[PDB]
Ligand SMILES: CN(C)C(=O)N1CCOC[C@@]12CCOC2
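Shown next as structure tokens: one chain only, the form solved without the named molecule.
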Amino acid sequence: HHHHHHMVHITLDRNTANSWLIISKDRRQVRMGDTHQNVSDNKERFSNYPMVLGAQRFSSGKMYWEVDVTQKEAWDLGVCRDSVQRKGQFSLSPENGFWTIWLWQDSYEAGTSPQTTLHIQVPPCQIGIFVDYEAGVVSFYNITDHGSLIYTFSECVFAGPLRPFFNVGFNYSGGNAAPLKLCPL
């Protein structure tokens, strides 16, 4: 692809984080801690899942960023409305304000309702995310496989400002401790 010139510097918003997440000093990395991280609760924090939002809000234009997923077994990535539900159980779908893909149990799927099987020959170590607000597009790219297309959500109805969205996943197996990292431009 040729989206690299729309690169944006994303940082993580600590206030939105699940209380077990550990975000690095530079706000560019996040991982699952083995306990509560000693923060107060608030109405913004994701309660049920190890999720966090980027600080940046997008309401126009074209945006691109990259995320490192090396040696993770489970994660969700994409964008979401600023006003997505934070508390309780919910599914990642456009109806609920999410445009996401994920890895789970050795398969990759797009967060449609119901979910869509992805066809990935080269397991990605870094994912590129492109948003065209005006066109209503969210696209995902396999940076490990020379930028090959993973998935495009088109005819998106964003219906609000967008925020970068992350889920580091649970670590019940002991094999999913590794962080998500925002990759440098």
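All residue numbers are counted from 1 along the displayed sequence.
- Comparing 71 to 79 with 85 to 93, the higher mean C-alpha B-factor in the PDB entry belongs to 85 to 93.
- Higher average CA B factor: 39 to 47, of the stretches 131 to 139 and 39 to 47.
- In this structure the maximum Cα B-factor among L162, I10, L21, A177 is found at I10.
- When the modelled residues of the chain are ordered by their C-alpha B factor, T16 lands in the middle third.
- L53: CA B factor lies in the lowest third for its chain, per the PDB record.
- The entry lists a Cα temperature factor for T117 that places it in the middle third of the chain's modelled residues.
- Compared with the other modelled residues of the chain, the Cα B-factor recorded for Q126 ranks in the middle third.
- For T144, the recorded CA temperature factor ranks within the highest third of the chain's modelled residues.
What comes next is about the form solved in complex with the named molecule, which does not appear here.
- Proximity of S148 to the named molecule in the deposited complex: non-hydrogen atoms within 4.5 Å are absent; the residue sits far from the partner.
- Taking non-hydrogen atoms only, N18 approaches the named molecule to within 4.5 angstroms in the deposited complex.
- Though the partner is left out of this view, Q56 does not reach within 4.5 Å of the named molecule in the deposited complex, counting heavy atoms only.
- Contact annotation: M32 falls within 4.5 Å of the named molecule in the deposited complex, judged by heavy atom distances.
- Of all the residues from 146 to 185, those having a non-hydrogen atom no more than 4.5 Å from the named molecule in the deposited complex are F170, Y172.
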